[PDB]
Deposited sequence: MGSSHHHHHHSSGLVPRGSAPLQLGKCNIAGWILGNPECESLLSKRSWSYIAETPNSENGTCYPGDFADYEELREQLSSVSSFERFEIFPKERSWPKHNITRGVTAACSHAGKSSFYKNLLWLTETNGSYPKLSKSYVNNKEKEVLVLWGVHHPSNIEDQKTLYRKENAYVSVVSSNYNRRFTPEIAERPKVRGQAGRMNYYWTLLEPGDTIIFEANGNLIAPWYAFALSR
């Protein structure tokens, strides 16, 4: 039987758009997208990845309140993702910002210790201007590094004046990779990382 996303699409569901329900289960096919504007890398491949699963589990990959002691985990909400008439954010990601005047370099790793695949999603924030970049990340030049046994990318914030989309001039790109059992993913960044908070374990 199909997975019913109702008002949402796969992007809004899998990122955790606050308007979208967060779920083990299975389905044969899949029947509010990104509340923050941006590009979703490999989106159609992800739709196909998720099209039929035999067990699916949402799990807290990086516990929000215990993982990021040198960064701010609470101001990272936006009117673009509002909920209960208040600013909010994707339920599966975490918008890290500076604390105490600094955004130190972070380094965070996860090993898939399960006996099935793990789907990890993250984002990179692209401010519209350099003043907002400095306000949030305390430096004009930042990087996000994501490495696993078969994935290696370094992301550079693209700062540029852009049309307002859903009220926002900034953007947020979304990315993902899969981890087989025993594979390790490492996040390194000194700004702009929208960190994993919940990830997914699934089987084909």
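Missing residue ranges, deposited sequence indexing starting at 1
Deposited residues absent from the model fall in 1 to 19, 43 to 44, 53 to 58.
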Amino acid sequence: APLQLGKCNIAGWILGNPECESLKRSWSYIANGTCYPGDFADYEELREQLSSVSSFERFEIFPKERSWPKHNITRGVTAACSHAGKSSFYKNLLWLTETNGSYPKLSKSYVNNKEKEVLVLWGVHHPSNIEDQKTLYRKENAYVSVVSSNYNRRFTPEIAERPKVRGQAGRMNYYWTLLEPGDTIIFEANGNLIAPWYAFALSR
From here on, numbers count along this sequence of modelled residues.
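Average Cα temperature factor in the PDB entry - higher stretch of 78 to 86, 115 to 123:
Of 78 to 86 and 115 to 123, the stretch with the higher C-alpha B-factor average is 78 to 86.
Which has higher Cα B-factors on average according to the PDB entry: 5 to 13 or 183 to 191?
Of 5 to 13 and 183 to 191, the stretch with the higher C-alpha B-factor average is 5 to 13.
Among the choices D39, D42, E60, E161, identify the one whose CA B-factor in the record is greatest.
Of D39, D42, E60, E161, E161 has the highest C-alpha B-factor.
Which one of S26, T177, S145, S67 shows the biggest C-alpha B-factor in the PDB entry?
When the deposited C-alpha B-factors of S26, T177, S145, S67 are compared, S26 is largest.
Tell me, lowest, middle or highest third: where does the Cα B factor of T34 rank within its chain?
For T34, whose C-alpha B-factor we compare with every modelled residue in the chain, the answer is the middle third.
Is the Cα B-factor recorded for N173 in the lowest, middle or highest third of its chain?
Lowest third.
Considering only modelled residues of the same chain, in which third does the CA B-factor of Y137 rank: lowest, middle or highest?
It falls in the bottom third of the chain.
Taking only the Cα B-factors deposited for this chain, tell me whether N100 sits in the lowest, middle or highest third.
Its C-alpha B-factor, which the entry lists for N100, ranks in the highest third among residues of this chain.
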